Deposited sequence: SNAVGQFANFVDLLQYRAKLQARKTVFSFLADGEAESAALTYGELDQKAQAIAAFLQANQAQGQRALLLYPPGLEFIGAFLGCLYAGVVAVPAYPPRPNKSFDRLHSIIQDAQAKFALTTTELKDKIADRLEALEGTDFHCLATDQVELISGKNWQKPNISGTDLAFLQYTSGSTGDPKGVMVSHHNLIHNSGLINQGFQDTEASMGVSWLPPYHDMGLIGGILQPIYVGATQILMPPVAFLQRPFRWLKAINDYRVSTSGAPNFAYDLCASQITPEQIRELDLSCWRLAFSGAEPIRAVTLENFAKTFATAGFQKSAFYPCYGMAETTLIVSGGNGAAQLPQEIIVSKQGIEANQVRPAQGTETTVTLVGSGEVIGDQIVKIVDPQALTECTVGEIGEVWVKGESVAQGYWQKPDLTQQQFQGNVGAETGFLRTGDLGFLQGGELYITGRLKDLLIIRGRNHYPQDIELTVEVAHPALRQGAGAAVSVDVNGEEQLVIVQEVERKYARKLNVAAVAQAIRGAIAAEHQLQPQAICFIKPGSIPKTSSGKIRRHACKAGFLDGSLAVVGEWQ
């Protein structure tokens, strides 16, 4: 299997060798199975959709993929690879929402096609025509006869051929289209397997959105890469009842599942003890965490809440990666049993130094060891010189999982993908800050979001964590720490959601004072302003990631859903 150059060849081969084995089973509610596909049916479905796409002149073109989580998305995604169509997966349109985000992806990709379901086509086709013109083709793929796969013309695919555009979340700016080659997919899939060590016998469950990163390349392609079986549920199923993820792990004897850090909090907070007694997670061998800061307290609370259910803390698999690196860059615990943690000086971190306290401490979790034949260096993002050990800088990645660049963004591509340092060339600039320690990669934050106030560096996620716990009225996961210019000086500004139960009785003065005291004590900052906003109103990506630049923009233009303000 490791001699396959691309996923079309590999799926066709698994469709022959394991024709009758279920590849995906979808639980639409997160509990009851509602649909399934074998390797045989997945491949036949891909060819039928591919042939439909080729007849519709989509080969070489970009096509939006607009699907609910489910098996129609997967077929349509593999249909694009089979057909030679540059797939652009995206979150589907929702009722009552504008198509601004999707129109902007269509504009940036210069896509002439949207692949979707019959139900969605009937609701969105005429709106898409209004936005995109008669030339734009909205195609439904869920009623294609499987007989049509006989007309499929296999393209001559090489690894360097572009496979799909992976749009970034939009956390720090507008989603940029990452050009993922067929070879990026194969190479990274091998990276994921070198670290996960899954086999044909593995069993996975994933609730992650299938549209991007972990849920796509990890949740869809990796089961296929290794010949395994993957159970799938929609994200909303888990967010509404976190029990269902761990219950799925229990019922199917899942070996490999994972989620961002917040999902582990959600299980530990929302799953009752009697539910815990229903669980046997002794089979859960690899519990990966990525897409967000990995928090030591989060790991410990999960391991302690579910120890009686047989979850072992050594199952935790920290990992780091991005769209620009296809997916995984680093992972694992090395030779340690548990995720490696360091206790370092907090003020050193604010000074780009990793060292013990000589002053307060922060506990940092490693995001794993760099997998395989790739290279990671820590580079000063301004002087473009390599850091020595104990120094924090921008994480630079060189390797064959590094994507081809950004779609139709030659300037930014040259800037971010042609990283030179010392005698080195060809490095990807991740835009993440971090450092190497003990063979592991630690990530401290995003360069673009870094707060530089009063001569010191501050990580926004550290301050937001301080603001959330400062008062019961404030919603966890729904705040932003941003810096604004006050007469030529950067100053802290807080945009923070309040709980709905607290939105009618809110004491702005008292709550703001609680926030000021917590920031003063933990960070030695004084906020210029605290903006209290309605629950659900903070600008987020479709994936839920806070758009910190947009909170600052909305604070500066008065367009936030304000409920209170202190200044």
Practice task
Counting from 1 along the deposited sequence, give me every gap where there's no C-alpha, start to finish.
Solution key: 1-3, 362-363
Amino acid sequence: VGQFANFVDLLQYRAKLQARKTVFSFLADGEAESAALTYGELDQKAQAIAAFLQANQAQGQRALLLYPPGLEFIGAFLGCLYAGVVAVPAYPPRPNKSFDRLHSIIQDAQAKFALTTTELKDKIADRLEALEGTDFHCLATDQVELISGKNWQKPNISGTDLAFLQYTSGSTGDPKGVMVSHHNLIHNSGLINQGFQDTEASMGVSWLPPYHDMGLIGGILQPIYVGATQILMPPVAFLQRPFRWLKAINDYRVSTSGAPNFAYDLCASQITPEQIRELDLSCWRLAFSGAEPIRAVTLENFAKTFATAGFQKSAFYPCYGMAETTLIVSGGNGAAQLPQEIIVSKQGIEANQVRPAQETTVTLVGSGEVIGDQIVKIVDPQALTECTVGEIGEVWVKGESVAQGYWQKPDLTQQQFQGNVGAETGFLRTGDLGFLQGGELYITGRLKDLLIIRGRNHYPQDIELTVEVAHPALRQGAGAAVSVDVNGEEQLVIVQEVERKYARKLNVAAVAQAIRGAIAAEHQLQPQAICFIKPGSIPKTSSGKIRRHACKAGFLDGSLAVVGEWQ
From here on, numbers count along this sequence of modelled residues.
Practice task
Using only the Cα atoms and their B-factors as the entry lists them, report which of 271-279 and 197-205 averages higher.
Solution key: 271-279
Fill in the blank from the handout: Assert higher mean C-alpha B factor (42-50 or 525-533, deposited values) equals 525-533
Fill in the blank from the handout: Top Cα B-factor in this entry, restricted to 289, 415, 337, 325, sits on 337
Fill in the blank from the handout: In this crystal structure's PDB entry, the residue among 168, 347, 117, 188 with the greatest CA B factor is 347
Handout entry: Lowest, middle or highest third - CA B-factor, residue 183
Key = lowest
Exercise for the section: Could you say whether, by C-alpha temperature factor, residue 69 belongs to the lowest, middle or highest third of its chain? Expected result: middle
Exercise for the section: Would you check the entry's CA temperature factor for residue 222 and let me know if it's in the chain's lowest, middle or highest third? Expected result: lowest
Problem - Entry-reported Cα temperature factor of residue 490, expressed as the chain third it lands in - result: highest
Completion exercise
residue 16: C-alpha B-factor third of its chain, per the entry, is the middle
